């Protein structure tokens, strides 16, 4: 079933109503995904769901810039992570009853007014959210609706996975991959067989294909699996103690212990889309 309210859309799986996803129209932000009653995403207890600022948790959408840009004339004018996550998307309706599937849209005319003036590029976004019995798929299509100008952008899904304890968690299937370390400001190959956590980390793994599933493991159990299509980068982020303290809408301050962000995207460089042309990708979350 699908249920629309003024602020959100909620999908429940027809075989089991305790499997659900809640999507805020603001940012088209998934902020809860329950699998048979069990919450799969981390959301700050102080997250704003009222459209006052981006949602701290769930799956914020990152477009058209990942991070803060300094050198592009127009992208450098935008705040960190762009304008998709602070614009109210239009619910386009349901496309399927089983698996329950819905679409959301954004275009300059309905996007964040201040930010649209800073970056007045033509585009159309369509987000498709599909709720399976044992997975969540979030797919994106971007269309360059200009007839003359190329459209230059990054795309990233800022997925916050919920875990029990970051220090006892590991992430597998990234051994031997190249990364850019945003904290150290250097690139290197990750030579370790798994990723483990003891401090702030902010790394961008590269060359991750549709064939390379990433697993999050706790007490020997794969508690989360992430697959993707057409998103060659993966950001791995945890704020740790100090950064968490500084984030006003991040609570509890120990909350970094129950989250890990593993964020598929195209962020190592910009996609340049010719006029009239389309680009598409998705991420797929399961257990």
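Numbering follows the first chain given and starts at 1.
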Comparing 220-228 with 253-261, which stretch shows the greater average C-alpha B-factor in the deposited entry? 220-228
Quick check on the record: does 73-81 or 125-133 carry the larger mean Cα temperature factor? 73-81
From 215, 112, 138, 103, the top C-alpha temperature factor is at 112
Highest Cα B-factor in the PDB entry belongs to which of 60, 51, 239, 67? 51
Residue 233 - Cα temperature factor, lowest/middle/highest third of chain: lowest
Within-chain third of residue 161 by Cα B-factor, per the entry: lowest
Of the three thirds of its chain by CA temperature factor, lowest, middle or highest, which one includes residue 186? highest
Can you tell me whether residue 195 has a C-alpha B-factor in the lowest, middle or highest third compared with the other modelled residues of the same chain? lowest
Assert third(CA B-factor, residue 144) within chain per record equals highest
